Amino acid sequence: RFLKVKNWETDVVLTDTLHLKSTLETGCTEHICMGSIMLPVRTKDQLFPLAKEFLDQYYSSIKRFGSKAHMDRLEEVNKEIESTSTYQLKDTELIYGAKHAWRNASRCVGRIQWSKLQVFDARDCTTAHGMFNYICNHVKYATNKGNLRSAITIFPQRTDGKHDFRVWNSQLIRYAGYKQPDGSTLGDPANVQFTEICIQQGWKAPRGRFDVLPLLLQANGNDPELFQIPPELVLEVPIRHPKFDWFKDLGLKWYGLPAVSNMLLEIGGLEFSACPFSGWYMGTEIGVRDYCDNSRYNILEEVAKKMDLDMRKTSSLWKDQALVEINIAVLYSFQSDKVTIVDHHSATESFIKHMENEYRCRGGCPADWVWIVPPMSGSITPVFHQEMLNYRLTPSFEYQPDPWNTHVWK
Amino acid sequence: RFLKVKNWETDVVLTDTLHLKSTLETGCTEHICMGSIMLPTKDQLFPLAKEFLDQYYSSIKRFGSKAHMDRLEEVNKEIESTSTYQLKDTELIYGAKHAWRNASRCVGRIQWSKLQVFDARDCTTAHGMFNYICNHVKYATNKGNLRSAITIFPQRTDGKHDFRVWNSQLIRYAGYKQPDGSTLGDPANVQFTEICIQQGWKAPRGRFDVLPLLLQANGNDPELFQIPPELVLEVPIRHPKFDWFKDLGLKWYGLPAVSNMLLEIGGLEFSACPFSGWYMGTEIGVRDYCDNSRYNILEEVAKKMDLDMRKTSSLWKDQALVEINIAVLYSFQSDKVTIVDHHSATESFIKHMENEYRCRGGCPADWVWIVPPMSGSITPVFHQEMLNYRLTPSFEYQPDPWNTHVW
Ligand code: HEM
Ligand code: HEM
Ligand SMILES: C[C@H](O)[C@H](O)[C@H]1CNc2nc(N)[nH]c(=O)c2N1
Ligand SMILES: C[C@H](O)[C@H](O)[C@H]1CNc2nc(N)[nH]c(=O)c2N1
Ligand SMILES: O=[N+]([O-])c1cccc2c(Br)n[nH]c12
Ligand SMILES: O=[N+]([O-])c1cccc2c(Br)n[nH]c12
Ligand SMILES: [Zn+2]
């Protein structure tokens with residue numbers, strides 16, 4: 001089989017063979033497409049085959065397929081699984097898997113960087129405090145004074161699912177949200193539920209607008225614990241506008257390190273419930289989503305009022321106009337403070353390049369158009385005119401239930 | 001089974017039961033999503049007809065009745081005899097209105113029922129088609145107060161007597177390749193602009209030249225016609241704050257009329273069914289004017305605004321885009337021609353969805369196409385989860401006539 005993909009702006013066509021290896025479901029039938037849907041304890045019998053294909057790929061990548069190191073490893077694993085039920089990965093395998101989980105992330109436009117990832121082996125960690133130390137080093141190394149570096153910390157893999165390691169925060173660094181009795185919201189509405197759990201666990205919230213949330217870390221299945229990330233480790237950028245001198249008076253600022261922490265990393269059947277991972281922001285995620293989604297800091301009205309725009313009738317595009325300035329500002333502020341960041345034009349052009357290379361490299365590049373195209377100026381970026389095939393490959397990063405909806409408290 | 005759809009901006013969850021009645025395939029599989037891919041007999045005809053007639057009667061509260069059953073037999077026998085059949089007027093109107101209703105890629109379906117249907121089934125010639133099309137263009141333009149419309153020429157018979165409108169739209173600008181290697185006018189039509197030339201049309205080699213209609217009837221060779229200029233409502237694009245805009249010398253037409261699609265109703269295929277409504281601002285502002293392969297005016301527009309085009313991070317393309325789309329919506333309103341912006345259009349669609357889910361059990365929607373090509377996440381339709389599936393009656397793509405005609 002072969003599947004064709006065309007770019008309606010360069011007439012450039014590509015052939016995908018990689019999709020043949022995709023096993024998992026996508027949520028789509030031959031009769032229904034759920035492409036725009038958000039979210040459409042493994043037995044011994046299930047584990048080995050998964051371990052096998054993984055180790056087969058690993059070895060193939062290092063050009064040692066069928067070798068002696070290859071077979072002995074398969075025999076070693078098969079045996080270990082039979083007696084211990086599970087199995088531990090070698091460092092080189094963990095490193096290989098992590099990079100590939102990233103490489104297979106169909107919703108990630110910054111994948112050109114997949115190969116350059118710093119993997120921290122946190123499998124010897126045993127307590128929440130231990131996790132705090134590990135996280136702190138991840139944040140420090142990754143931030144690098146503004147010159148960001150990719151990185152991921154991998155904590156202990158799941159055993160019986162009763163002893164999971166989990167990072168309760170969705171991102172290692174994030175602002176608190178507090179619902180006021182008057183119905184309004186202070187801070188980031190997206191984090192209100194979590195902000196609550198934190199206060200209910202002992203966090204003394206400053207009750208401000210940009211309060212860096214505390215980490216709630218869960219080790220070996222025990223109750224989660226609170227910790228405050230060293231302020232001197234949390235790099236932040238105050239947002240001002242290049243020409244709008246009233247912008248600085250909006251009181252806005254954002255953190256520099258985006259590090260998702262609620263996903264699950266699957267490598268060769270093994271599940272890693274806690275695997276925080278960071279890279280570096282694309283302007284629009286802060287500029288259009290965090291600042292402008294109606295359900296976030298929703299700053300359009302106030303940025304428009306001060307821009308003195310005709311907010312009488314939407315056909316004036318006061319919202320579109322304000323959005324560009326706001327994004328102008330997020331990018332300008334980061335550049336001025338020498339903190340890594342990429343704009344949607346650069347990131348998307350690079351992605352097309354990475355994408356093409358990946359077709360002539362491994363016969364495909366699973367991509368989710370809905371998530372790849374930016375939340376603004378979509379059609380003036382190259383990814384918009386790009387056809388994409390979306391399929392699941394392992395290793396992978398998956399969503400998982402929020403830890404508070406399942407955890408059995410002691 | 002039973003699928004639910006959530007809006008992540010309002011948390012509203014709707015339940016879809018309509019997809020169960022899905023016929024054609026989507027191109028996807030459990031193994032691969034093709035969401036972003038632009039395009040993935042007597043025994044055959046009667047079942048298709050029955051399904052349609054069934055829906056029709058169910059819609060008029062006469063499901064099963066004698067009328068229902070009678071007509072069902074009438075058609076059955078007709079197909080048995082004439083190897084095909086003809087739709088009563090009421091079924092045609094319903095069929096067309098419902099093909100629109102089922103257009104998963106159209107954001108303006110909230111207007112689905114308010115569609116004027118012109119029955120051009122008795123047409124026999126290209127001149128006849130011009131007369132029909134002309135009346136269609138004048139009725140829908142209505143001096144700027146646009147009205148939705150569709151004209152349906154004779155349905156297919158043996159496939160060698162196909163009625164077709166070679167233009168992709170009843171009204172579009174010509175595109176010409178210049179000595180240089182560049183392109184004058186609209187690149188999207190360069191080819192067709194050539195076929196019109198190879199056929200006789202005297203191309204004025206201008207930036208915005210209104211192409212001629214190339215009409216085909218009963219499988220014959222296509223003929224050329226010039227839509228009465230008095231019937232082609234155009235708008236010069238000026239900016240509400242940049243008096244230098246006019247100097248860009250831009251103008252677009254007011255009537256969006258897709259004409260290269262094929263309408264299927266109850267098994268029957270109407271290969272010539274031009275339909276029109278009114279423009280959503282972004283279609284012209286961002287796609288027609290800014291798309292790299294179209295007019296690609298961004299570089300010049302930026303200049304004139306005197307902004308740093310040295311680094312992409314200045315968002316000068318973004319900057320220009322907004323102003324260019326301001327100018328489009330601005331001009332249309334000032335000349336009192338109907339037009340809708342991406343903000344109102346999408347808000348309207350959401351409501352339409354809320355109605356369709358309770359009044360029909362769902363609404364087939366293609367996210368990739370519904371989300372406007374600018375300010376996507378600030379329009380409500382961005383956070384709206386969608387379910388795409390194909391339903392008939394429907395509008396489908398079909399091969400360009402020049403790539404399949406026997407002259
Ligand atoms: C180098 C900087 C990087 C950039 C600029 C980049 C950019 C992005 C963006 C814009 C998204 C969509 C964000 C959203 O709307 O929520 C995304 C998604 C994602 N990225 Fe990256 N990324 C980078 C690094 C990483 C790293 C290091 C990994 C993993 C090791 C990764 C894995 C993913 C995953 C799994 C998602 C989807 C998350 C979800 O399903 O919600 N990205 N990335
Ligand atoms: C009344 C105003 C209407 C508005 C504002 C509207 C708007 C839209 C938009 C924005 C698209 C995507 C355009 C593109 O990117 O090419 C579209 C596509 C479409 N619309 Fe509408 N529409 C309207 C009326 C109609 C009518 C009257 C019909 C049919 C009776 C219709 C049938 C369709 C179809 C089939 C498509 C998809 C065609 C394709 O795949 O290229 N629309 N519409
Ligand atoms: C409903 C729809 O799936 C949802 O709004 C998606 C669309 N595309 C997205 N794309 C990115 N990058 N991030 C998001 O959160 C979303 N949300
Ligand atoms: C490749 C991709 O399918 C293609 O660029 C689509 C995306 N969404 C679109 N949406 C609309 N409304 N119109 C288009 O022409 C497209 N092009
Ligand atoms: O840049 N982003 O917009 C963005 C969003 C979500 C996750 C990440 C990571 Br990990 N790096 N950058 C990201
Ligand atoms: O508004 N649009 O962008 C648009 C595009 C393509 C076709 C139509 C029709 Br018919 N009405 N509006 C349309
Ligand atoms: Zn799909």
Side-chain angles (χ1 to χ4, degrees), chain A residues 102 105 107-111 113 117 142 148 150-152 170-172 256-261 263 275-290 330 340-344 347 371 374-375 379 384 397, chain B residues 38-39 95-117 140 146-152 168-170 188 254-263 273-288 291 338-342 344-346 348-349 366 368-373 381 393-397:
Chain A
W102 181 5
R107 293 175 165 176
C108 193
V109 71
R111 279 184 290 187
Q113 295 284 324
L117 180 65
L148 310 203
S150 284
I152 176 176
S170 31
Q171 286 174 38
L172 302 185
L257 178 65
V260 170
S261 57
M263 294 182 98
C275 59
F277 63 76
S278 67
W280 65 71
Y281 278 117
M282 175 167 88
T284 62
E285 202 64 34
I286 308 180
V288 354
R289 302 312 297 296
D290 299 328
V330 169
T340 310
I341 188 158
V342 70
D343 62 87
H344 50 292
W371 278 59
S379 56
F384 189 90
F397 284 109
Chain B
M38 227 142 116
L39 31 64
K97 277 181 181 176
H98 275 257
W100 185 357
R101 186 166 194 178
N102 303 322
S104 75
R105 287 176 164 180
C106 186
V107 68
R109 292 177 265 176
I110 186 192
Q111 298 285 301
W112 79 268
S113 62
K114 186 183 194 182
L115 172 80
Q116 188 56 204
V117 182
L146 302 184
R147 296 175 287 180
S148 309
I150 183 172
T151 289
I152 316 185
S168 57
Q169 290 177 30
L170 306 181
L255 200 62
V258 183
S259 52
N260 62 337
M261 283 185 95
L262 139 22
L263 172 69
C273 57
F275 59 84
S276 68
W278 57 74
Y279 272 114
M280 184 171 84
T282 59
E283 183 44 49
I284 313 169
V286 9
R287 296 310 304 278
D288 293 304
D291 252 35
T338 312
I339 194 173
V340 75
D341 52 288
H342 53 288
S344 298
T346 51
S348 288
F349 184 73
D366 187 339
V368 168
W369 275 64
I370 299 289
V371 176
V381 92
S394 67
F395 288 113
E396 305 294 313
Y397 293 141

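For ligands, and for the atoms within them, numbers begin at 1 and follow the listed sequence. Chain identifiers are assigned alphabetically (A, B, ...) following the order of the sequence lines, protein sequences preceding nucleic acid strands; residue numbering begins at 1 within each chain.
Of the protein's non-hydrogen atoms, the one nearest atom 40 (O) of ligand 2 is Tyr397(B) OH, 2.4 Å. With respect to atom 7 (C) of ligand 2, the closest heavy atom belonging to the protein is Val107(B) CG1, 3.9 Å. For atom 43 (N) of ligand 2, the nearest protein heavy atom (residue, atom name, distance) is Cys106(B) SG, 3.2 Å. Counting protein heavy atoms only, atom 11 (N) of ligand 5 is closest to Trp280(A) N, 3.4 Å. Regarding atom 3 (O) of ligand 5, its nearest protein heavy-atom neighbour is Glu285(A) CB, 3.0 Å. Of all protein heavy atoms, the one lying nearest to atom 24 (C) of ligand 2 is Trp100(B) CZ2, 3.3 Å. Among protein heavy atoms, atom 34 (C) of ligand 2 sits closest to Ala103(B) CB, 4.1 Å. For atom 7 (C) of ligand 5, the closest heavy atom belonging to the protein is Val260(A) CG2, 3.9 Å. Closest to atom 12 (C) of ligand 2 among all protein heavy atoms lies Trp369(B) CE3, 3.8 Å.
Without hydrogens or angle criteria, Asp343(A) side chain to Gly283(A) main chain gives no donor-acceptor distance under 3.5 Å. Remark: side-chain polar atoms of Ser278(A) are not paired, donor with acceptor, to backbone N or O of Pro258(A) under 3.5 angstrom. The backbone N or O of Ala99(B) lies less than 3.5 Å from no partner atom in the side chain of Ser394(B), so there is not a single donor-acceptor pair. For the pair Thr282(B) (side chain) and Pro372(B) (backbone), a donor-acceptor distance under 3.5 Å is absent.
The aromatic rings of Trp112(B) and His98(B) sit perpendicular, their planes meeting at an angle over 60°, well past the 30° parallel limit.
For atom 2 (N) of ligand 5, the candidate residues are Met282(A), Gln171(A), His344(A); the nearest heavy-atom contact is made by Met282(A). Counting only non-hydrogen atoms, the option in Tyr279(B), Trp112(B), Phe275(B), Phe349(B) that gets closest to atom 28 (C) of ligand 2 is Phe275(B). One option in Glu283(B), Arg105(B), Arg287(B) has a heavy atom closer to atom 13 (C) of ligand 2 than any other, and that option is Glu283(B).
Shortest non-hydrogen contact noted between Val288(A) and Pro375(A) is CG2-CG, 3.2 Å. Residues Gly277(B) and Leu146(B) come closest through the heavy atom pair O-CD1, 3.8 Å.
When heavy-atom distances to ligand 6 are checked against a 4.0 Å cut-off, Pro256(B) comes that close through both its backbone and its side chain. Under 4.0 angstrom from ligand 2, the non-hydrogen atoms of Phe395(B) all belong to its side chain. Heavy atoms of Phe275(B) found under 4.0 angstrom from ligand 6 belong to the backbone as well as the side chain.
Inter-residue side-chain proximity for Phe384(A) and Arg287(B) is flagged as met; some heavy-atom pair is nearer than 4.5 Å. Contact of the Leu263(B) side chain with the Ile152(B) side chain is registered, since non-hydrogen atoms from C-beta on lie closer than 4.5 Å. The shortest side-chain heavy-atom distance between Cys108(A) and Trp371(A) does not fall under the 4.5 Å cut-off.
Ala257(B) does not count as a contact of ligand 6, since none of its heavy atoms falls under 4.0 Å from the ligand. Remark: distances from the non-hydrogen atoms of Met261(B) to ligand 2 include one below 4.0 Å.
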Working note: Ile370(B) + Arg109(B), criterion side chain to side chain contact (heavy atoms under 4.5 Å, CB included); need CA distance, chi angles, decisive distance, verdict.
CA-CA 11 Å; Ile370(B) 299 289; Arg109(B) 292 177 265 176; 4.1 Å; yes
After noting the C-alpha distance and the side-chain angles of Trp102(A) and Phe277(A), does the key distance pass the side chain to side chain contact (heavy atoms under 4.5 Å, CB included) rule?
CA-CA 10 Å; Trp102(A) 181 5; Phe277(A) 63 76; over 6 Å; no
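Within ligand 5, counting atoms from 1 as listed, the ones closer than 4.0 Å to a heavy atom of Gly279(A) are 10 (Br), 11 (N). Heavy-atom proximity to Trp278(B), at under 4.0 Å, picks out these atoms of ligand 2: 1 (C), 2 (C), 3 (C), 4 (C), 5 (C). Short contacts between ligand 2 and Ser276(B), defined as distances under 4.0 Å to a heavy atom of the residue, involve ligand atoms 27 (C).
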